[PDB]
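As stored in structure.tsv (TSV, C-alpha atoms):
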chain	number	residue	atom	x	y	z
A	827	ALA	CA	7.74	-24.67	2.76
A	828	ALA	CA	4.87	-24.24	5.21
A	829	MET	CA	3.86	-20.83	3.83
A	830	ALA	CA	4.01	-22.28	0.31
A	831	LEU	CA	1.63	-25.06	1.37
A	832	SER	CA	-0.45	-22.46	3.23
A	833	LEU	CA	-1.65	-20.81	0.02
A	834	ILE	CA	-2.89	-24.08	-1.49
A	835	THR	CA	-5.02	-24.84	1.56
A	836	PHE	CA	-6.68	-21.43	1.38
A	837	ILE	CA	-7.41	-21.87	-2.33
A	838	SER	CA	-8.79	-25.37	-1.75
A	839	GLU	CA	-10.99	-24.15	1.10
A	840	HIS	CA	-12.13	-21.14	-0.93
A	841	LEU	CA	-12.86	-23.23	-4.03
A	842	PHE	CA	-14.68	-25.96	-2.08
A	843	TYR	CA	-16.72	-23.36	-0.18
A	844	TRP	CA	-17.68	-21.70	-3.47
A	845	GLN	CA	-19.66	-24.78	-4.53
B	557	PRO	CA	26.52	-16.29	19.87
B	558	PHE	CA	25.19	-14.54	16.76
B	559	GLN	CA	26.76	-12.51	13.97
B	560	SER	CA	25.78	-9.10	12.66
B	561	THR	CA	24.04	-10.60	9.62
B	562	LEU	CA	21.79	-12.84	11.72
B	563	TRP	CA	19.74	-10.21	13.55
B	564	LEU	CA	18.85	-8.15	10.48
B	565	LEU	CA	17.57	-11.29	8.73
B	566	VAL	CA	15.54	-12.85	11.54
B	567	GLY	CA	14.27	-9.38	12.45
B	568	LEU	CA	12.79	-8.78	9.00
B	569	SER	CA	11.15	-12.22	9.14
B	570	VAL	CA	8.50	-11.31	11.72
B	571	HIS	CA	7.00	-8.46	9.69
B	572	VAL	CA	7.13	-10.31	6.37
B	573	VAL	CA	5.28	-13.20	8.03
B	574	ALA	CA	2.91	-10.94	9.99
B	575	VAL	CA	1.55	-9.36	6.80
B	576	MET	CA	0.63	-12.81	5.49
B	577	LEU	CA	-1.93	-12.98	8.30
B	578	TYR	CA	-3.81	-9.85	7.22
B	579	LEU	CA	-4.05	-11.04	3.62
B	580	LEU	CA	-5.57	-14.22	5.05
B	581	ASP	CA	-7.94	-12.18	7.23
B	582	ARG	CA	-9.64	-10.17	4.45
B	583	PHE	CA	-10.47	-13.04	2.07
B	584	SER	CA	-12.02	-15.54	4.47
B	585	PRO	CA	-14.72	-17.70	2.79
B	600	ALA	CA	-11.73	-11.53	12.63
B	601	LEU	CA	-8.23	-10.08	13.00
B	602	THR	CA	-7.26	-6.47	12.36
B	603	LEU	CA	-3.92	-5.46	10.90
B	604	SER	CA	-2.71	-3.71	14.05
B	605	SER	CA	-3.39	-6.75	16.24
B	606	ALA	CA	-1.62	-8.98	13.73
B	607	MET	CA	1.63	-7.11	14.35
B	608	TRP	CA	1.32	-7.73	18.09
B	609	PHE	CA	0.62	-11.44	17.75
B	610	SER	CA	3.61	-11.92	15.45
B	611	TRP	CA	5.88	-9.92	17.77
B	612	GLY	CA	4.66	-11.57	20.96
B	613	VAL	CA	5.32	-15.25	20.39
B	614	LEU	CA	9.05	-14.90	19.75
B	615	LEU	CA	9.43	-12.61	22.75
B	616	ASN	CA	7.31	-14.88	24.99
B	617	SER	CA	5.04	-12.18	26.35
B	618	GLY	CA	1.32	-11.98	26.95
B	619	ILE	CA	0.43	-8.76	25.14
B	620	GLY	CA	-3.17	-8.34	24.03
B	621	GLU	CA	-4.97	-11.17	22.25
B	622	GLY	CA	-4.05	-12.33	18.77
B	623	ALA	CA	-6.01	-15.53	18.22
B	624	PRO	CA	-6.77	-15.76	14.48
B	625	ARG	CA	-9.60	-17.39	12.54
B	626	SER	CA	-9.87	-19.53	9.38
B	627	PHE	CA	-7.70	-22.59	8.75
B	628	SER	CA	-5.32	-20.97	6.27
B	629	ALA	CA	-4.60	-18.02	8.54
B	630	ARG	CA	-4.31	-20.46	11.47
B	631	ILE	CA	-2.22	-23.12	9.70
B	632	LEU	CA	0.64	-20.61	9.66
B	633	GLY	CA	0.10	-20.08	13.36
B	634	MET	CA	0.57	-23.81	13.93
B	635	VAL	CA	4.32	-23.71	13.27
B	636	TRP	CA	5.08	-20.02	13.70
B	637	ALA	CA	5.35	-20.50	17.45
B	638	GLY	CA	7.58	-23.50	16.81
B	639	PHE	CA	9.94	-21.15	15.00
B	640	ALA	CA	10.53	-19.55	18.39
B	641	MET	CA	11.61	-22.93	19.75
B	642	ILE	CA	14.52	-23.69	17.46
B	643	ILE	CA	15.98	-20.19	17.32
B	644	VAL	CA	15.92	-19.77	21.08
B	645	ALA	CA	16.98	-23.38	21.61
B	646	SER	CA	20.18	-22.94	19.62
B	647	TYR	CA	20.96	-19.82	21.65
B	648	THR	CA	21.52	-21.65	24.92
B	649	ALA	CA	23.35	-24.32	22.93
B	650	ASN	CA	26.03	-21.82	21.93
B	651	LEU	CA	26.96	-20.50	25.35
B	652	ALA	CA	27.30	-24.05	26.60
B	653	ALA	CA	29.47	-24.78	23.57

Would you encode the structure as structure tokens?
Amino acid sequence: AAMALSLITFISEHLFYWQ
Amino acid sequence: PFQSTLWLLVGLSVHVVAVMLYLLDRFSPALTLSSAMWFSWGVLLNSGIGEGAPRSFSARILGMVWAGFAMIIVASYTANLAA
């Protein structure tokens, strides 16, 4: 469960940092 | 206190979770692959080998609970011999 929620955090950080 | 099937399943867990670190170290928006193996191996064995402090939240957010995985598995061990 934690590693599944890990990927979302990285995507959210990457997407937010993009803009 | 353990069966034959237990070791070969927990043993393969460290490497399959170690590799997740490296993938999260080469897409950061400062850990090498070799050091990642040490950090994953060390925490379960409770030994101060090298330094494996990672960077970035996503790579670190796994490290939040990965150490805690050492707690439960080792904790149940002493529980058995008492039982």

(request) For residue 843 (chain A), please output as a PyMOL selection string all residues within 10 Å (counting all atoms listed in the file; exclusion window: fewer than 5 positions along the same chain). (result) (chain A and resi 837-838) or (chain B and resi 585)

Can you build me a table of chain B residues sitting at most 9 Å from chain A, with the closest atom pair per residue and its distance in Å to one decimal, using only C-alpha atoms, sorted by chain and residue number, as JSON lines?
{"residue": "B:573", "atom": "CA", "partner": "A:829", "partner_atom": "CA", "distance": 8.8}
{"residue": "B:576", "atom": "CA", "partner": "A:829", "partner_atom": "CA", "distance": 8.8}
{"residue": "B:580", "atom": "CA", "partner": "A:836", "partner_atom": "CA", "distance": 8.2}
{"residue": "B:583", "atom": "CA", "partner": "A:840", "partner_atom": "CA", "distance": 8.8}
{"residue": "B:584", "atom": "CA", "partner": "A:840", "partner_atom": "CA", "distance": 7.8}
{"residue": "B:585", "atom": "CA", "partner": "A:840", "partner_atom": "CA", "distance": 5.7}
{"residue": "B:626", "atom": "CA", "partner": "A:836", "partner_atom": "CA", "distance": 8.8}
{"residue": "B:627", "atom": "CA", "partner": "A:836", "partner_atom": "CA", "distance": 7.5}
{"residue": "B:628", "atom": "CA", "partner": "A:836", "partner_atom": "CA", "distance": 5.1}
{"residue": "B:629", "atom": "CA", "partner": "A:832", "partner_atom": "CA", "distance": 8.1}
{"residue": "B:631", "atom": "CA", "partner": "A:832", "partner_atom": "CA", "distance": 6.7}
{"residue": "B:632", "atom": "CA", "partner": "A:829", "partner_atom": "CA", "distance": 6.7}
{"residue": "B:635", "atom": "CA", "partner": "A:828", "partner_atom": "CA", "distance": 8.1}

(request) List the neighbours of residue 619 (chain B) out to 9 Å using all atoms listed in the file; skip same-chain residues closer than 2 positions along the sequence, and give me the result as an NGL selection string. (result) :B and (608-609 or 612 or 617 or 621-622)

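Relative to CA of residue 613 (chain B), CA of residue 634 (chain B) is found at 11.7 Å.
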
(request) Show me as JSON, numbers by chain the residues that reach within 9 Å of (3.6, -7.0, 9.7), counting only C-alpha atoms and using the file's own coordinates. (result) {"B": [570, 571, 572, 573, 574, 575, 576, 577, 578, 603, 604, 606, 607, 608, 610, 611]}

To test the calculation: enclose all listed atoms of region 574-580 of chain B in a box whose edges run along x, y and z, add 3 Å on each side, then state centre and edge lengths in Å to one decimal, as JSON.
{"center_x": -1.3, "center_y": -11.8, "center_z": 6.8, "size_x": 14.5, "size_y": 10.9, "size_z": 12.4}

(message) One number please: CA of residue 646 (chain B) to CA of residue 633 (chain B), in Å, one decimal.
(response)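 Taking CA of residue 646 (chain B) and CA of residue 633 (chain B), their separation equals 21.2 Å.
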
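Between CA of residue 579 (chain B) and CA of residue 643 (chain B) the separation is 25.9 Å.
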
With N, CA and C atoms as the target, complete region 580-606 of chain B and hand it back as a PDB file, keeping the file's coordinate frame.
ATOM      1  N   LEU B 580      -4.726 -13.077   4.772  1.00  0.00           N
ATOM      2  CA  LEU B 580      -5.570 -14.220   5.050  1.00  0.00           C
ATOM      3  C   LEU B 580      -6.710 -13.885   5.999  1.00  0.00           C
ATOM      4  N   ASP B 581      -6.842 -12.621   6.389  1.00  0.00           N
ATOM      5  CA  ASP B 581      -7.940 -12.180   7.230  1.00  0.00           C
ATOM      6  C   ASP B 581      -8.978 -11.356   6.483  1.00  0.00           C
ATOM      7  N   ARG B 582      -8.700 -10.947   5.243  1.00  0.00           N
ATOM      8  CA  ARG B 582      -9.640 -10.170   4.450  1.00  0.00           C
ATOM      9  C   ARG B 582     -10.087 -10.908   3.186  1.00  0.00           C
ATOM     10  N   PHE B 583      -9.931 -12.231   3.152  1.00  0.00           N
ATOM     11  CA  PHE B 583     -10.470 -13.040   2.070  1.00  0.00           C
ATOM     12  C   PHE B 583     -11.065 -14.335   2.600  1.00  0.00           C
ATOM     13  N   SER B 584     -11.510 -14.325   3.847  1.00  0.00           N
ATOM     14  CA  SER B 584     -12.020 -15.540   4.470  1.00  0.00           C
ATOM     15  C   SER B 584     -13.341 -15.945   3.832  1.00  0.00           C
ATOM     16  N   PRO B 585     -13.476 -17.193   3.366  1.00  0.00           N
ATOM     17  CA  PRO B 585     -14.720 -17.700   2.790  1.00  0.00           C
ATOM     18  C   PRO B 585     -15.613 -18.373   3.831  1.00  0.00           C
ATOM     19  N   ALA B 600     -11.311 -12.645  11.778  1.00  0.00           N
ATOM     20  CA  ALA B 600     -11.730 -11.530  12.630  1.00  0.00           C
ATOM     21  C   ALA B 600     -10.521 -10.895  13.294  1.00  0.00           C
ATOM     22  N   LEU B 601      -9.465 -10.684  12.515  1.00  0.00           N
ATOM     23  CA  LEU B 601      -8.230 -10.080  13.000  1.00  0.00           C
ATOM     24  C   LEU B 601      -7.984  -8.785  12.243  1.00  0.00           C
ATOM     25  N   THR B 602      -7.650  -7.730  12.973  1.00  0.00           N
ATOM     26  CA  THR B 602      -7.260  -6.470  12.360  1.00  0.00           C
ATOM     27  C   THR B 602      -5.762  -6.449  12.122  1.00  0.00           C
ATOM     28  N   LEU B 603      -5.332  -5.530  11.257  1.00  0.00           N
ATOM     29  CA  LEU B 603      -3.920  -5.460  10.900  1.00  0.00           C
ATOM     30  C   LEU B 603      -3.056  -5.091  12.095  1.00  0.00           C
ATOM     31  N   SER B 604      -3.511  -4.140  12.913  1.00  0.00           N
ATOM     32  CA  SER B 604      -2.710  -3.710  14.050  1.00  0.00           C
ATOM     33  C   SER B 604      -2.486  -4.844  15.040  1.00  0.00           C
ATOM     34  N   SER B 605      -3.532  -5.622  15.323  1.00  0.00           N
ATOM     35  CA  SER B 605      -3.390  -6.750  16.240  1.00  0.00           C
ATOM     36  C   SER B 605      -2.497  -7.834  15.668  1.00  0.00           C
ATOM     37  N   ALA B 606      -2.473  -7.978  14.344  1.00  0.00           N
ATOM     38  CA  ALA B 606      -1.620  -8.980  13.730  1.00  0.00           C
ATOM     39  C   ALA B 606      -0.149  -8.707  14.032  1.00  0.00           C
TER      40      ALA B 606
END
